[PDB]
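Here the structure comes first, spelled out in structure tokens, and everything after it is commentary.
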There are 2 protein chains.
Amino acid sequence: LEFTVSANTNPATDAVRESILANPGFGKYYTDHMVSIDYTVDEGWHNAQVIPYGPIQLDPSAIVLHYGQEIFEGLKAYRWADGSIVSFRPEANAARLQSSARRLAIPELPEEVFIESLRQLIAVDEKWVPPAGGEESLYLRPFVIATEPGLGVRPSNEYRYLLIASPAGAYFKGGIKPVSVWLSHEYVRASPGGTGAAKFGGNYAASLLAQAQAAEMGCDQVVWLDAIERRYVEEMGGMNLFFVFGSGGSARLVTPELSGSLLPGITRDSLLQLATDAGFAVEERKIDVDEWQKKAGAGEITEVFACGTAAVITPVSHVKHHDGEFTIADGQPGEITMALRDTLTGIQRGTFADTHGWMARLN
Amino acid sequence: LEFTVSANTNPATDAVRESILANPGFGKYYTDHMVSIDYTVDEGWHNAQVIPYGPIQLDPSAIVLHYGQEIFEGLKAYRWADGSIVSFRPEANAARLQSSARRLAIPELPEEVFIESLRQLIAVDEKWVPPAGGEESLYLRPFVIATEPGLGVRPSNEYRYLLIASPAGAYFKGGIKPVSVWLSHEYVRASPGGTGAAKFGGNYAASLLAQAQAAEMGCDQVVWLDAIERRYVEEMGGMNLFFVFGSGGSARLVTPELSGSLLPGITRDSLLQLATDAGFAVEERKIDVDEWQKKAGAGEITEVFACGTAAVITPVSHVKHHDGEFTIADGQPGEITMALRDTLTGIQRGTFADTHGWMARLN
Ligand SMILES: *Cc1c(COP(=O)(O)O)cnc(C)c1O
Ligand SMILES: *Cc1c(COP(=O)(O)O)cnc(C)c1O
């Protein structure tokens, strides 16, 4: 697949760009260009090009605007001391976009095309990648939407793959601050035979009310419990959860298993490997509120944190639910939590050795 | 709200429009104009206008394209013998859109504005409404999409309400024909507290694989079973289901109750009332596959049909599932099924008395 480039003749001035990079926030600003690739049953993926960031054209009856056939991904690009630009496990996001597409009846995008789209975008907007060393980075948002017109209900025959980039400083409004959680009693994130294992837009729209409720109960984020027994802890918003038992080199990590409805986070998969590298024992199993509250109060569960691309790792210090409320440890970020976060971020920034070859050069 | 009109400078020529009305199909062609209303926090619903049907623009980071915050409705406009243009229970759709909006954290659109948008579109595209005395009509598709840019996960603060129309010819060209169904053993349509009771795009994209599987099993449509026990019959694709016990004037009708995850179909609500008017006893309860197959085999259940705006009523003659297969009666459309369909379509067409005042004038 050959990419054609249509330079932006009116990009953001150096002043504006530098200003944005100084206080980027998250998903607020976007780079000067974006990648676009069209799909049709006859020509397959074609017309791959790098064009200026700008409004998209859609037919009023476009399937995505009626039957929500759409999927997305999220990863980052970092600038290293040697001036190189790299991404964290981009191949993993390429594979998950394919798995998400399959579940939503969307044509898969070749991984080499996915990776290439990333190189093409950085090639023109490399100056949007924050300076080396720091919590800042360039968030990459690959996504596919159904663009074929027609109000009939069925898989679209036309799709459009888009790749946009957004400078990122910090996702949450706390960063080095722990969050309180409300365990949803009324809502579920997904159920067996659903789309829980896919990065599907529909999953998020349906969770808006649950999040609003968490805040109304005086908590920062909502936490999901299995839809079958309404007992086992799954995730916190759009992030996976980890439970720390004990402390020091003898501490062990427990995280909900991939029941099939849980979203296989890449940060989650990476942290499991990092924990093992540090010598910590790991375990992927089911864990319910009862055990959580009991062991947390007993002092066995010393820390709890959520993980995801945007925030990397977010400490969980307070828990509230339909039948109780309790604090984790002293309510502050745990030792292991910060230890693993520093290790992961260090690897991503090129500070620590990348023994697993997770860092890929984009340039 | 005042509606400003911008006439289509390049409308469909008489030759083209006539060719379309002669063979419209469904959701394939669209009228010359569409309605558009914008929403912002500071101005709420505003800039209501009738403009030429055409491509709409959206920022690449528009929430609807990432987190699927969108909803829609489906109703029809009919031309009567007296020359007036009417619609079937439009107020009901206006109220359901508000219900869907609430579930998806979207600002509600006043019923008055909803109805008015329908009148405004007919005022300029009346020529697109099929002739009276037939089963043809004009399908109306009201829908709202989140348009605010930003990759952050939260309720949008900007939306756009759009209204498009598509001429619909006789649904059953070569006479009415029954369909075969496959009870989905692997997939579910929704879960408790989920978004099953809302006309939300996400629900459809997530069911694409299930429908494909139904066809792969040699069936026309997929039928949904409750996510909890995986035994109670819910719906057929995007249509509600009815079961007819016995026949004649003593026949009884059973239909799945509005558990909370079931979509409150307007056709469904209407048919229950019409069955009562005809003297038929009705029941809104749970019914599982076991009872269905057993009673259908014993001849107790004489007919089964699905209902929805598009097709009104569709007979179900064959059933296949993980643990069996059977036919309903002689495999042909049942007496009650056709009786109720003729009655409902007769009211919508103006042939029969509208004792409940369901028909509303649009002109
Ligand atoms: C994206 C996502 C995550 C995190 O995945 P990462 O690959 O670590 O970014 C976790 N849970 C859900 C539900 C998600 O959509
Ligand atoms: C729209 C819809 C229906 C039918 O509703 P009508 O108001 O009768 O058109 C039934 N089930 C689902 C899942 C739907 O989305």
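Here, A, B, ... name the chains of the structure tokens in the order displayed, residue numbers run from 1 inside each chain, and ligands are numbered from 1 in the same displayed order.
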
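Least-squares fitting of chain A to chain B, using every C-alpha atom paired in order, leaves a residual RMSD of 0.8 Å.
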
- Task: Please identify every polymer residue within 6 Å of ligand 2, using only C-alpha atoms and all ligand atoms, and present the set as a list in words.
- Result: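 Selection of residues at most 6 Å from ligand 2: residues 74, 199, 238, 239, 240, 263, 265, 266, 267, 268, 308 and 309 of chain B.
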
- Message: Could you pull out the helix (DSSP H, G or I) residues of range 92-246 of chain B, going by DSSP on the backbone, and write them as a PyMOL selection string?
- Response: chain B and resi 92-103+111-128+201-205+208-216

Got time to write the residues from that selection, C-alpha atoms, as an mmCIF file, in the first residue's frame?
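Writing the result to selection-v2.cif gives the following:
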data_model
loop_
_atom_site.group_PDB
_atom_site.id
_atom_site.type_symbol
_atom_site.label_atom_id
_atom_site.label_comp_id
_atom_site.auth_asym_id
_atom_site.auth_seq_id
_atom_site.Cartn_x
_atom_site.Cartn_y
_atom_site.Cartn_z
ATOM 1 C CA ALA B 92 -44.938 7.814 20.786
ATOM 2 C CA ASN B 93 -41.667 8.019 18.854
ATOM 3 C CA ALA B 94 -40.956 11.493 20.240
ATOM 4 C CA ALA B 95 -41.301 10.117 23.770
ATOM 5 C CA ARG B 96 -39.139 7.052 23.066
ATOM 6 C CA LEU B 97 -36.359 9.211 21.614
ATOM 7 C CA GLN B 98 -36.326 11.117 24.940
ATOM 8 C CA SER B 99 -36.155 7.781 26.757
ATOM 9 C CA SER B 100 -33.275 6.581 24.552
ATOM 10 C CA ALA B 101 -31.545 9.961 25.053
ATOM 11 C CA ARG B 102 -31.737 9.659 28.839
ATOM 12 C CA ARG B 103 -30.156 6.205 28.780
ATOM 13 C CA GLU B 111 -41.879 16.426 21.813
ATOM 14 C CA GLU B 112 -43.127 19.658 20.243
ATOM 15 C CA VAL B 113 -39.849 20.155 18.363
ATOM 16 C CA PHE B 114 -39.780 16.519 17.261
ATOM 17 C CA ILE B 115 -43.313 16.645 15.788
ATOM 18 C CA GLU B 116 -42.590 20.012 14.190
ATOM 19 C CA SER B 117 -39.482 18.671 12.450
ATOM 20 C CA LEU B 118 -41.732 16.050 10.844
ATOM 21 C CA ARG B 119 -44.199 18.703 9.635
ATOM 22 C CA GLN B 120 -41.357 20.855 8.309
ATOM 23 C CA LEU B 121 -39.882 18.062 6.211
ATOM 24 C CA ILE B 122 -43.217 16.998 4.741
ATOM 25 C CA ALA B 123 -43.931 20.636 3.878
ATOM 26 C CA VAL B 124 -41.095 20.586 1.352
ATOM 27 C CA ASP B 125 -40.866 16.893 0.394
ATOM 28 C CA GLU B 126 -44.572 16.027 0.239
ATOM 29 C CA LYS B 127 -44.058 15.076 -3.420
ATOM 30 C CA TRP B 128 -41.956 12.153 -2.152
ATOM 31 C CA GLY B 201 -26.800 2.285 17.459
ATOM 32 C CA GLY B 202 -24.431 0.233 19.586
ATOM 33 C CA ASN B 203 -27.046 -2.501 20.038
ATOM 34 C CA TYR B 204 -27.099 -3.169 16.275
ATOM 35 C CA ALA B 205 -23.385 -3.189 15.434
ATOM 36 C CA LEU B 208 -24.055 -8.289 13.246
ATOM 37 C CA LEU B 209 -22.153 -11.528 13.927
ATOM 38 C CA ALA B 210 -25.250 -13.162 15.459
ATOM 39 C CA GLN B 211 -27.330 -12.414 12.369
ATOM 40 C CA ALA B 212 -24.571 -13.743 10.117
ATOM 41 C CA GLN B 213 -24.496 -16.939 12.187
ATOM 42 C CA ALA B 214 -28.261 -17.341 11.885
ATOM 43 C CA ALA B 215 -27.891 -17.264 8.094
ATOM 44 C CA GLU B 216 -24.967 -19.708 8.302
#

Spatial neighbours of residue 186 in chain B, max dist 10 Å, only C-alpha atoms, sep filter under 4 positions, as a PDB file with C-alpha atoms, in the first residue's frame:
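Output file part.pdb is given in full below:
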ATOM      1  CA  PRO A 192     -21.068 -13.120  28.079  1.00  0.00           C
ATOM      2  CA  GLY A 193     -21.721 -13.128  24.344  1.00  0.00           C
ATOM      3  CA  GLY A 194     -21.248  -9.375  24.078  1.00  0.00           C
TER       4      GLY A 194
ATOM      5  CA  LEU B 209     -22.153 -11.528  13.927  1.00  0.00           C
ATOM      6  CA  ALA B 210     -25.250 -13.162  15.459  1.00  0.00           C
ATOM      7  CA  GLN B 213     -24.496 -16.939  12.187  1.00  0.00           C
ATOM      8  CA  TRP B 224     -32.608 -13.430  20.997  1.00  0.00           C
ATOM      9  CA  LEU B 225     -32.823 -15.266  24.346  1.00  0.00           C
ATOM     10  CA  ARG B 230     -30.377 -18.139  28.091  1.00  0.00           C
ATOM     11  CA  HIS B 322     -29.043 -25.547  19.651  1.00  0.00           C
TER      12      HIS B 322
END

- Excluding residue 254 in chain B and any residue of its chain fewer than 2 positions from it, enumerate the residues within 8 Å of it, using only C-alpha atoms, and give them as number ranges by chain. B: 242-245, 252, 256, 282-285

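Taking CA of residue 156 in chain A and CA of residue 4 in chain A as endpoints, the distance between them is 25.5 Å.
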